[PDB]
Amino acid sequence: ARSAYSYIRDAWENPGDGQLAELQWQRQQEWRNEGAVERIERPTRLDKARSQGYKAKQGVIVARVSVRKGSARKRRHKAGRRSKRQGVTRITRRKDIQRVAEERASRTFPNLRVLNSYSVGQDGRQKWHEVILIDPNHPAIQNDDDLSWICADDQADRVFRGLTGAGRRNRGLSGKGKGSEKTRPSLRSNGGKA
Amino acid sequence: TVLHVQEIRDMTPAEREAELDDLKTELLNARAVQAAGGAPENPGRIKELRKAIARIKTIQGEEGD
Amino acid sequence: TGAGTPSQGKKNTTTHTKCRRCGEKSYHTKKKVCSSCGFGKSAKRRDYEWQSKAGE
Amino acid sequence: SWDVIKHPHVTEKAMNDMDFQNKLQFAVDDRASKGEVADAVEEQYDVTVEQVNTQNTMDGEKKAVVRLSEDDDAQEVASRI
Amino acid sequence: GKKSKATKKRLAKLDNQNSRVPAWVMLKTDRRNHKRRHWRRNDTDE
RNA sequence: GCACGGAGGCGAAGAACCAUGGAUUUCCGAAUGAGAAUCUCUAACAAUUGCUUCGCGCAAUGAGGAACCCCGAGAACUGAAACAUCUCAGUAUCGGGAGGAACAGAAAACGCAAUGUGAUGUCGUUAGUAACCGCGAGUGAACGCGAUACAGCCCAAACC
RNA sequence: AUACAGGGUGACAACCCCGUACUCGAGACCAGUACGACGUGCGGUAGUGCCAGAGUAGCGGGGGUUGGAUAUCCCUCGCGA
RNA sequence: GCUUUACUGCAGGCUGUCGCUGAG
Ligand SMILES: [Cl-]
Ligand SMILES: [Cl-]
Ligand SMILES: [K+]
Ligand SMILES: [Mg+2]
Ligand SMILES: [Mg+2]
Ligand SMILES: [Mg+2]
Ligand SMILES: [Mg+2]
Ligand SMILES: [Mg+2]
Ligand SMILES: [Mg+2]
Ligand SMILES: [Mg+2]
Ligand SMILES: [Mg+2]
Ligand SMILES: [Mg+2]
Ligand SMILES: [Mg+2]
Ligand code: NA
Ligand code: NA
Ligand code: NA
Ligand code: NA
Ligand code: NA
Ligand code: NA
Ligand code: NA
Ligand code: NA
Ligand code: NA
Ligand code: NA
Ligand code: NA
Ligand code: NA
Ligand code: NA
Ligand SMILES: [Sr+2]
Ligand SMILES: [Sr+2]
Ligand SMILES: [Sr+2]
Ligand SMILES: [Sr+2]
Ligand SMILES: [Sr+2]
Ligand SMILES: [Sr+2]
Ligand SMILES: [Sr+2]
Ligand SMILES: [Sr+2]
Ligand SMILES: [Sr+2]
Ligand SMILES: [Sr+2]
């Protein structure tokens with residue numbers, strides 16, 4: 001039969017309709033009054049969290065992060081530039097907002113490692129994402145068959161090197177064939193043309 | 001030289017400390033005679049005294065005092 | 001008053017001093033920042049790739 | 001562990017202080033206070049220290065001028081080292 | 001000026017280094033302090 | 001010790017010297033009780049976190065490293081015999097971060113179209129080919145093939 | 001001479017000295033890998049619309065980037081299975 | 001370097017539209 005989780009899932013396919021609509025209208029009022037990174041006891045989208053690796057266990061942390069909406073916040077050129085490199089307004093950054101959110105969260109919790117993240121809406125001037133972080137130093141986690149992999153030394157600061165799911169997608173690593181000629185195995189090795 | 005490692009290990013903790021203060025004093029007096037430009041020196045000892053003290057201090061830590 | 005010799009006589013201010021962190025006489029005692037190693041400005045050590053030829 | 005007294009400071013001026021004012025002069029650890037210099041001295045030569053003046057020298061060391069009580073005789077104390 | 005205790009220690013060292021290479025070193029090496037400094041002609045650090 | 005002096009000393013209680021392990025290891029320094037041009041003032045994981053016996057009790061982070069590596073920011077001189085798209089070039093340089101190597105990686109692949117191949121790097125080639133481009137100057141792959149090395153698995157949910 | 005590499009030594013040295021050939025020993029890396037062994041249990045038939053990752057797939061506006069040309073990858077605003 | 005109704009662009013301001021954005 002349908003899991004209770006599927007109901008949370010199905011509700012979020014249209015965050016603008018039904019009860020969820022009312023919840024968001026109510027919630028965001030409080031979120032707007034919260035900081036940039038607020039730790040929270042429980043995921044707002046349980047099905048998503050569990051699906052991404054979340055577990056109700058010691059060493060598993062969830063935090064909501066908000067980031068200003070829109071394109072790049074760039075300063076116009078103070079030195080000579082050819083028309084091409086004079087743009088300022090319509091230029092956007094190469095990292096999506098979710099990635100910026102994952103990094104801020106990870107900065108707030110220096111000892112934790114980003115496991116994954118997902119969206120929880122936005123208003124006209126900002127977007128919110130909840131990030132799942134794991135404590136690689138807690139025994140409850142060092143002994144987990146599903147999460148202990150994140151305790152390895154080469155997993156340290158994984159978010160800052162683009163090793164997150166959002167990181168890999170944003171680096172154009174989804175496709176295994178056509179279109180990934182310059183993304184795999186890394187943007188840098190391909191001369192940075194991906 | 002005159003003081004060997006066995007002899008030191010054979011001393012009780014109290015003896016090593018009494019021997020330590022003794023050595024420190026000879027040294028201090030040598031450094032005093034040196035400050036006065038005194039020549040009745042024997043440069044080899046001023047050097048031995050330091051090593052002796054290092055030995056006793058090394059042994060003390062080893063034995064747990 | 002000329003900008004040369006006559007103006008050099010007024011220089012009796014102490015700015016750069018021996019730095020606690022790196023030892024170079026580059027700790028600006030008025031800014032409390034080392035122009036050589038970055039002490040007072042950054043926990044990380046002051047460094048730049050332009051301090052050497054690009055391919056070296 | 002650093003000691004307080006390094007060595008006696010013996011010079012013309014030091015001798016005068018010793019013959020005319022019952023004062024002894026020492027090169028001491030620059031981290032030592034006047035009080036710590038007083039104690040150390042009383043415990044090394046068994047005397048009563050009345051006053052201690054200090055100076056951080058241009059030799060990188062600290063010099064102490066220790067005046068003994070009228071009970072003690074500097075000339076004699078210094079004469080046994 | 002007013003020198004601190006540390007400044008003083010550093011000045012003291014500079015004064016000490018500013019000495020002659022002992023004569024016996026001359027003999028031992030069978031034949032110069034390249035760091036000889038003058039208070040006037042030179043400028044120390046800090 | 002370098003270092004071919006003087007004096008003196010150590011070594012058969014086996015020194016010197018070498019290897020391995022241990023002891024000691026001032027102050028500043030990420031520098032962390034507060035402050036400071038290496039010092040000073042009156043018990044210290046400062047700061048941010050996780051766990052929590054909710055007490056800094058147990059832990060993490062910080063900074064370094066020749067380059068290599070990953071993620072971001074990103075010129076201009078120059079070429080086009082001017083120059084704006086283009087080029088130089090995702091180069092120089094900047095921000096962040098890991099390791100001994102990184103990154104990638106078990107197909108919502110390929111599409112020598114097949115009764116065919118079978119995770120991923122990399123090397124040789126495919127090829128200056130296809131593609132781009134004031135269709136100018138210039139830019140420029142991939143599938144495949146021959147090699148190197150080979151390795152495949154774990155969750156979410158269903159039912160409990 | 002399984003040693004005629006090289007160096008040193010008061011001048012051109014296989015045989016003056018260190019070495020060199022041969023043989024042997026130890027540490028490090030390979031690697032906590034390979035092998036081996038413990039446990040676990042592969043797989044097949046029939047029925048069953050019970051389960052299988054959403055601002056996603058996809059579309060449009062604006063940018064960047066790419067050999068990617070209608071047919072590259074990415075960012076952003078909007079819409080959206 | 002400077003100028004302008006030189007060429008081409010870029011900030012900035014004004015203005016419409018979409019999102020923020022709801023009820024009658
Ligand atoms: Cl991380
Ligand atoms: Cl094929
Ligand atoms: K140009
Ligand atoms: Mg399982
Ligand atoms: Mg005074
Ligand atoms: Mg002098
Ligand atoms: Mg401190
Ligand atoms: Mg040109
Ligand atoms: Mg690579
Ligand atoms: Mg032309
Ligand atoms: Mg190119
Ligand atoms: Mg292909
Ligand atoms: Mg370009
Ligand atoms: Na972190
Ligand atoms: Na002295
Ligand atoms: Na001077
Ligand atoms: Na040491
Ligand atoms: Na700590
Ligand atoms: Na605590
Ligand atoms: Na030209
Ligand atoms: Na020109
Ligand atoms: Na072009
Ligand atoms: Na073929
Ligand atoms: Na591109
Ligand atoms: Na778009
Ligand atoms: Na000009
Ligand atoms: Sr780190
Ligand atoms: Sr004037
Ligand atoms: Sr004048
Ligand atoms: Sr002045
Ligand atoms: Sr600062
Ligand atoms: Sr640097
Ligand atoms: Sr002097
Ligand atoms: Sr002068
Ligand atoms: Sr294979
Ligand atoms: Sr699936």
Side-chain angles (χ1 to χ4, degrees), chain B residues 20-50 52-53, chain D, chain E residues 1-24 37 39:
Chain B
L20 191 62
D21 283 305
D22 278 308
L23 282 177
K24 282 190 182 177
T25 293
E26 193 189 314
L27 179 57
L28 193 69
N29 295 313
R31 283 173 180 169
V33 176
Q34 186 173 63
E41 308 173 298
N42 300 304
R45 276 203 193 181
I46 191 166
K47 178 182 179 184
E48 288 304 306
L49 288 173
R50 301 187 74 198
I53 300 178
Chain D
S1 172
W2 56 272
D3 328 292
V4 170
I5 293 177
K6 283 192 173 181
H7 66 81
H9 187 270
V10 49
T11 70
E12 320 93 299
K13 188 169 186 179
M15 303 306 270
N16 289 325
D17 271 25
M18 176 192 83
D19 293 311
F20 305 159
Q21 304 194 307
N22 207 47
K23 289 172 177 171
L24 292 176
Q25 281 180 28
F26 301 83
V28 308
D29 195 289
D30 53 296
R31 311 185 206 74
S33 68
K34 285 179 176 176
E36 305 179 311
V37 175
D39 299 335
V41 173
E42 299 189 312
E43 295 162 43
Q44 271 302 80
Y45 317 79
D46 185 287
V47 306
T48 299
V49 174
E50 286 302 301
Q51 180 178 301
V52 178
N53 286 236
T54 55
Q55 181 207 325
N56 280 300
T57 286
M58 280 306 296
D59 277 358
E61 304 197 74
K62 173 175 288 190
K63 187 172 69 181
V65 185
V66 187
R67 190 183 79 231
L68 308 174
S69 66
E70 305 196 61
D71 248 306
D72 309 299
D73 178 286
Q75 299 163 288
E76 303 181 303
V77 179
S79 65
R80 60 208 194 204
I81 39 179
Chain E
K2 294 295 186 304
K3 65 182 82 66
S4 63
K5 190 182 194 179
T7 280
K8 198 163 166 192
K9 298 180 79 176
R10 285 185 228 113
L11 280 181
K13 184 176 180 60
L14 285 180
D15 177 61
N16 187 192
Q17 301 175 302
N18 205 182
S19 70
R20 187 90 191 194
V21 173
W24 64 263
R37 182 184 53 78
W39 57 270

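Below, chain A is the first sequence line, B the second, and so on; all start at residue 1. Only heavy atoms go into these numbers, but all of them, side chains included; no hydrogens, no water, no symmetry mates.
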Margin query: For B:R45, give me all partners under salt bridge (charged side-chain N to carboxylate O under 4.0 Å, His left out), at least two apart in sequence or on another chain.
Written below: B:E26
Notebook entry, point to check: Roughly how far, to the nearest 0.5 Å, is the CD1 atom of B:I46 from the CD atom of B:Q34?
Noted result: 4.0 Å
Note to self: Is the shortest side-chain heavy-atom distance between E:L11 and E:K3 below 4.5 Å?
What the structure shows: yes
Side-chain polar contacts of residues 38-52 of chain D - donor-acceptor pairs under 3.5 angstrom, sequence neighbours left out - could you list them?
unit_1, atom_1, unit_2, atom_2, d
D:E42, OE2, D:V49, N, 2.8
D:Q51, OE1, D:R67, NH1, 3.2

Note to self: Among residues at least two apart in sequence or on other chains, which ones pass side chain to side chain contact (heavy atoms under 4.5 Å, CB included) with B:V33?
What the structure shows: B:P40
Check: Above 12 or not: heavy atoms from other molecules or residues under 6.0 Å from CE of D:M15?
Finding: no
Notebook entry, point to check: Are there more than 12 heavy atoms of other residues, nucleotides or ligands under 6.0 Å from atom CZ of E:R37?
Noted result: yes
Notebook entry, point to check: CG of B:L27 to CD1 of B:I53: how many Å apart, nearest 0.5 Å?
Noted result: 5.0 Å
Check: Nearest 0.5 Å, what's the CG-CG distance between D:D59 and D:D30?
Finding: 12.0 Å
Item checked: Gap separating the NE2 atom of D:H9 from the CD atom of D:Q25, nearest 0.5 angstrom -> 6.5 Å
Checklist line | D:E76: partners by side chain to side chain contact (heavy atoms under 4.5 Å, CB included), with sequence neighbours left out | finding: D:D73, D:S79
Margin query: I'd like to check the side chain to side chain donor-acceptor pair (under 3.5 Å) partners of D:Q21; sequence neighbours left out, ordered by chain and number.
Written below: D:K23
Check: Which residues pass the side chain to side chain donor-acceptor pair (under 3.5 Å) test with D:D3, sequence neighbours left out?
Finding: none
Note to self: Going by the rule side chain to side chain contact (heavy atoms under 4.5 Å, CB included), which residues pair with D:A78 if we only count those two or more places apart in sequence or in a different chain?
What the structure shows: D:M18, D:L24
Notebook entry, point to check: Under 3.5 Å, is there a donor-acceptor pair between the side chain of B:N29 and the main chain of B:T25?
Noted result: yes
Next item on the list: Applying salt bridge (charged side-chain N to carboxylate O under 4.0 Å, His left out), name anything that partners D:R31, two or more places apart in sequence or on another chain.
Entry: D:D29
Margin query: Under 3.5 Å, is there a donor on one side chain and an acceptor on the other for D:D19 and D:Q75?
Written below: yes
Checklist line | Heavy-atom side-chain contact between B:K24 and B:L28 under 4.5 Å | finding: no
Check: D:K6: what forms a salt bridge (charged side-chain N to carboxylate O under 4.0 Å, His left out) with it, not counting sequence neighbours?
Finding: D:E61
Margin query: Quick one about D:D72 and D:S69 (side-chain donor to acceptor, distance below 3.5 Å, no hydrogens or angles considered), yes or no?
Written below: yes
Note to self: I'd like to know whether CZ of E:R20 has more than 12 heavy-atom contacts from other residues, nucleotides or ligands below 6.0 angstrom.
What the structure shows: no
Note to self: I need the full list of ring-ring contact (aromatic ring centres under 6.0 Å, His included) pairs touching residues 50-69 of chain D, with sequence neighbours left out, sorted by first then second residue.
What the structure shows: none
Next item on the list: For D:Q55, check side chain to side chain contact (heavy atoms under 4.5 Å, CB included) against everything at least two apart and list the hits.
Entry: D:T57, D:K63
Note to self: Per the side-chain hydrogen bond (donor to acceptor under 3.5 Å, both in side chains) rule, what does the pair list look like for residues 7-16 of chain E, sequence neighbours excluded?
What the structure shows: E:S4-E:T7, E:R10-E:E46
